[PDB]
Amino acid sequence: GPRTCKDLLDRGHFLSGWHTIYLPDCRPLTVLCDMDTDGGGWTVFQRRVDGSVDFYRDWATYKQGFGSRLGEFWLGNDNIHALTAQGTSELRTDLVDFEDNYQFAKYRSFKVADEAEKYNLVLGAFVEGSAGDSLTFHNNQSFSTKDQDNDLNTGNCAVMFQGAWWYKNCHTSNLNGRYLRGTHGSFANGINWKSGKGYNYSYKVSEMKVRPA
């Protein structure tokens, strides 16, 4: 049975949507496949679209995943690790601002370690993207929530920028931040990408997606 969204694209599924794939050890899982972007075959593990879901959540919630198939979600750190663990695949970040303006940014490999390793971000080459690089900064850094401080700052970046990310001191990207809708006076606590629209602009749409090498 189908193991990646790439497989499903290969089996003639051309419309984006939720399909079940089979995890290394046989667990059925409905993932969102993006069959459209950049050749198609992407498995989406994060999406922000309308601010209907609260992303300011604790460790246990990020671990198992949350949100809605109808709109916004986070697939879950366990699932994300399961998907990008054995073998390797690439990350694609997509961003649309409120004027209908598209930008992206691909890297050539992406993986997160398991819970014992605090979901460490393993990130390689920024290939290209109109949105620029604002994610390598966070390379080799442990995942943080508001109730598990594993960050580089002396104070809690997750709580400060209202999100859950691979926080150092602190961040150039904050895609799990608050849905602030465009420009905001508050500093760096929205759906922000430094090299893209900056620390005071919150995107309308964000998607993080992977595809096998």
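Start at 1 with the first residue shown and count on from there. The term rigid core refers to the most C-alpha atoms you can superpose between the two forms while keeping them within 1.5 Å.
- Per-stretch RMS Cα distance to the displayed form in 7 other deposited structures of this protein, following rigid core alignment, is highest for 22-30 when 140-148 and 22-30 are compared.
- Of the two segments examined, 140-148 and 36-44, it is 140-148 that shows the higher average Cα temperature factor in the deposited entry.
- Relative to its counterpart among 88-96 and 73-81, 88-96 has the higher mean temperature factor, C-alpha atoms as listed in the PDB entry.
- In the deposited coordinates, the residue among 31, 26, 188, 53 with the greatest CA B-factor is 26.
- Between the residues 172, 183, 162, 68, the entry's highest C-alpha temperature factor is the one at 162.
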